[PDB]
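S.K.: I am attaching a structure below and will ask some questions about it afterwards.
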Amino acid sequence: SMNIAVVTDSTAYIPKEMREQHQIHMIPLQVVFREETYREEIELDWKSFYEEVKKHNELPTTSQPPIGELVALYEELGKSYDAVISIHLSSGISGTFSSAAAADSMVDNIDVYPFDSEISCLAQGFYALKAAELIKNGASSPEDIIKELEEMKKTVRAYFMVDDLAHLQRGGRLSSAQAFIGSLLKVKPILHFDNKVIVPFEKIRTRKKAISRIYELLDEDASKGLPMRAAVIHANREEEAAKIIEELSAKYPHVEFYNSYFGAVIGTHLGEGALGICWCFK
Ligand SMILES: CCCCCCCCCCCCCCCC(=O)O
Ligand SMILES: [Br-]
Ligand SMILES: [Br-]
Ligand SMILES: [Br-]
Ligand SMILES: [Br-]
Ligand SMILES: [Br-]
Ligand SMILES: [Br-]
Ligand SMILES: [Br-]
């Protein structure tokens with residue numbers, strides 16, 4: 001029956017060729033520099049970001065997409081589609097989600113179904129892949145697709161570490177956590193999402209130990225022998241990510257592994273040297 005489009009914001013970091021394969025449209029968030037503000041992924045790739053930042057001593061900030069651009073995308077989309085699955089980074093770390101919702105009453109020709117992925121990066125990307133796959137196999141209810149995504153959210157996991165805690169501190173997305181701890185985070189932990197916001201998952205002494213702990217955490221799901229997607233995400237640490245994927249994929253042939261990155265908007269908050277691993281059931 002009805003035609004359903006799929007949208008995600010840039011911070012899902014789905015490779016552009018893969019988005020084309022799967023019919024996934026994308027709305028960029030912004031990275032703000034001293035002179036220029038860019039639309040990430042389209043106007044600034046991840047290597048340029050980390051290169052620009054260190055060779056200009058940039059202290060970038062980020063912005064959600066202008067509500068105007070969301071509306072324009074939906075209006076355009078609505079000429080060929082009845083509904084859009086609009087998938088976004090956590091409502092606890094960005095106003096993007098709530099702008100997608102508010103943009104729905106601003107467009108007549110399409111029904112927007114905002115989905116709070118309560119996460120970001122390729123973990124959020126995974127929801128858009130599932131949505132496209134469902135749509136490809138004749139999913140004709142936007143509601144049924146959303147139900148599907150919410151169930152999948154039950155088993156999506158992500159753990160990550162940063163090199164310098166200062167970037168997160170600066171961007172403000174450790175506020176909730178620190179509001180609950182009652183004080184200031186000084187030592188680097190494993191981080192994860194809990195109730196839509198970033199919080200320490202566990203105290204750890206070294207990055208090496210953090211990775212090994214995350215391996216254990218992955219094994220808990222990877223050991224069931226059920227089909228999975230997983231991504232090792234880096235902020236300018238591609239070789240390190242590749243060694244991890246080399247070792248992990250050998251160990252888990254049933255887990256499809258992606259080498260992915262923190263782009264300009266997310267890397268603005270995590271900082272170069274950040275590393276994480278996420279996964280979910282296919
Ligand atoms: C493999 C692990 C992936 C986990 C994803 C971590 C996301 C980093 C959180 C901080 C970024 C906040 C973005 C704010 C954008 C805006 O200004 O609205
Ligand atoms: Br792009
Ligand atoms: Br329409
Ligand atoms: Br509408
Ligand atoms: Br479905
Ligand atoms: Br630090
Ligand atoms: Br926060
Ligand atoms: Br660490």
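S.K.: Only residues that are free of Cβ contacts under 8 Å to residues at least 40 places away in the same chain and under 24 Å from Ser260 (Cβ atoms): list them for segment 192-207, please. Explain how you work it out, then say what you get.
M.R.: From segment 192-207, those free of Cβ contacts under 8 Å to residues at least 40 places away in the same chain are 192, 194, 199-200, 202-203, 205-206; that's our starting set.
Within segment 192-207, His192, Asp194, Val199, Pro200, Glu202, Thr206 qualify.
S.K.: Looking at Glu58, is it within 16 Å of ligand 1 (Cβ to nearest atom), among the charged types (D, E, K, R) and in contact with an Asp or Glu (Cβ under 7 Å, 6 or more places away or on another chain)?
M.R.: Taking the combined requirement at face value, the residue satisfies it.
S.K.: Taking segment 77-88, which residues are touching an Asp or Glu at 6+ places or on another chain (Cβ under 6 Å) and among the hydrophobic types (A, V, I, L, M, F, W, C)?
M.R.: Passing the criteria: only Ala83.
S.K.: Filter segment 70-113 down to the residues that are among the charged types (D, E, K, R) and either within 24 Å of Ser176 (Cβ to Cβ) or outside any strand (DSSP E or B) (or both) and list them by number.
M.R.: Matches in segment 70-113: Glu75, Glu76, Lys79, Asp82, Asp104, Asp108.
S.K.: Does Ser10 satisfy the condition of being assigned by CATH to the domain that holds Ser105 and away from ligand 5 (no atom under 16 Å from the Cβ)? Please lay out each step first, then the result.
M.R.: On the way: assigned by CATH to the domain that holds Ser105: yes; away from ligand 5 (no atom under 16 Å from the Cβ): yes.
For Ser10, the condition - assigned by CATH to the domain that holds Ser105 and away from ligand 5 (no atom under 16 Å from the Cβ) - is met.
S.K.: Name the single residue, out of those in segment 14-29 being over 15 Å from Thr96 (Cβ atoms) and in a loop (DSSP other than H, G, I, E, B), that is nearest to the chain's Cα centre (by Cα).
M.R.: Filtering segment 14-29 down to residues over 15 Å from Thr96 (Cβ atoms) leaves 14-24.
Checking the rest, the ones that are also in a loop (DSSP other than H, G, I, E, B) come to 14-15, 23.
Numbers: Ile14: 9, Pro15: 12, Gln23: 18 Å.
Among those that are over 15 Å from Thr96 (Cβ atoms) and in a loop (DSSP other than H, G, I, E, B), it is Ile14.
S.K.: Which of (1) among the small types (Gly, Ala, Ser); (2) surrounded by fewer than 22 Cβ atoms within 10 Å (Cβ to Cβ); (3) part of a helix (DSSP H, G or I) does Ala131 not meet, given it meets every other one?
M.R.: Status for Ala131: all satisfied but (2).
S.K.: Okay, next question. So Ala139 passes all but one of these: (1) surrounded by fewer than 21 Cβ atoms within 10 Å (Cβ to Cβ); (2) more than 25 Å from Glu17 (Cα to Cα). Which condition number does it fail?
M.R.: Going through (1) surrounded by fewer than 21 Cβ atoms within 10 Å (Cβ to Cβ); (2) more than 25 Å from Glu17 (Cα to Cα) one by one, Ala139 breaks only (2).
S.K.: Using beta carbons and a limit of 7 Å, which pairs, at least six apart or on different chains, have the first residue in segment 88-114 and in the same structural domain as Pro142 (by CATH) and the second one within 15 Å of ligand 4 (Cβ to nearest atom) and part of a loop (DSSP other than H, G, I, E, B)?
M.R.: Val107/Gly78; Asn109/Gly78; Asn109/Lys79; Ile110/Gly78; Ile110/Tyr81; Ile110/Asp82; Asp111/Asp82
S.K.: Given the structure, is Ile145 within 16 Å of ligand 5 (Cβ to nearest atom), more than 20 Å from the chain's Cα centre (by Cα) and surrounded by 17 or more Cβ atoms within 10 Å (Cβ to Cβ)?
M.R.: Values: within 16 Å of ligand 5 (Cβ to nearest atom): yes; more than 20 Å from the chain's Cα centre (by Cα): no; surrounded by 17 or more Cβ atoms within 10 Å (Cβ to Cβ): yes.
In short, no.
Yes/no matrix, rows are residues, columns are (1) within 16 Å of ligand 5 (Cβ to nearest atom); (2) among the aliphatic types (A, V, I, L, M); (3) more than 19 Å from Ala274 (Cα to Cα):
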{"residue": "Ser86", "(1), (2), (3)": "no, no, yes"}
{"residue": "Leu89", "(1), (2), (3)": "no, yes, no"}
{"residue": "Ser98", "(1), (2), (3)": "no, no, yes"}
{"residue": "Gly171", "(1), (2), (3)": "no, no, no"}
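S.K.: Moving to a separate point now. Does any residue of segment 113-128 turn out to be of a type in the set (A, V, I, L, M), out of contact with any strand residue (DSSP E or B) (no Cβ under 6 Å at 6 or more places or on another chain) and surrounded by 18 or more Cβ atoms within 10 Å (Cβ to Cβ)?
M.R.: No, every residue in segment 113-128 fails to be of a type in the set (A, V, I, L, M), out of contact with any strand residue (DSSP E or B) (no Cβ under 6 Å at 6 or more places or on another chain) and surrounded by 18 or more Cβ atoms within 10 Å (Cβ to Cβ).
S.K.: Say we look at segment 235-272 and pick out the residues that are touching a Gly at 6+ places or on another chain (Cβ under 9 Å) and within 16 Å of ligand 7 (Cβ to nearest atom); which of these is farthest from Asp164 (Cα to Cα)?
M.R.: Only one residue fits best here, namely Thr268.
S.K.: With the structure loaded, tell me whether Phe257 is hydrophobic (A, V, I, L, M, F, W, C) and closer than 17 Å to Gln124 by Cα or whether it fails that test.
M.R.: So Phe257 passes the test.
S.K.: Has segment 54-66 got at least one residue that is surrounded by 15 or more Cβ atoms within 10 Å (Cβ to Cβ), more than 19 Å from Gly271 (Cα to Cα), away from ligand 5 (no atom under 16 Å from the Cβ) and under 23 Å from the mean Cα position of the chain (by Cα)?
M.R.: Looking through segment 54-66, at least one residue is surrounded by 15 or more Cβ atoms within 10 Å (Cβ to Cβ), more than 19 Å from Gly271 (Cα to Cα), away from ligand 5 (no atom under 16 Å from the Cβ) and under 23 Å from the mean Cα position of the chain (by Cα).
S.K.: Hey, another quick one. Looking at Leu184, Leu165, which one is surrounded by fewer than 16 Cβ atoms within 10 Å (Cβ to Cβ) and either free of Cβ contacts under 8 Å to residues at least 40 places away in the same chain or out of contact with any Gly (no Cβ under 8 Å at 6 or more places or on another chain) (or both)?
M.R.: Matching residue, one of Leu184, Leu165: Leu184.
Numbers and lists here come from the model and the stated rules, or from a named source; these are not laboratory values. Note that we place each Cβ from the backbone using ideal geometry, even for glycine, and neighbour counts take in every protein chain shown.
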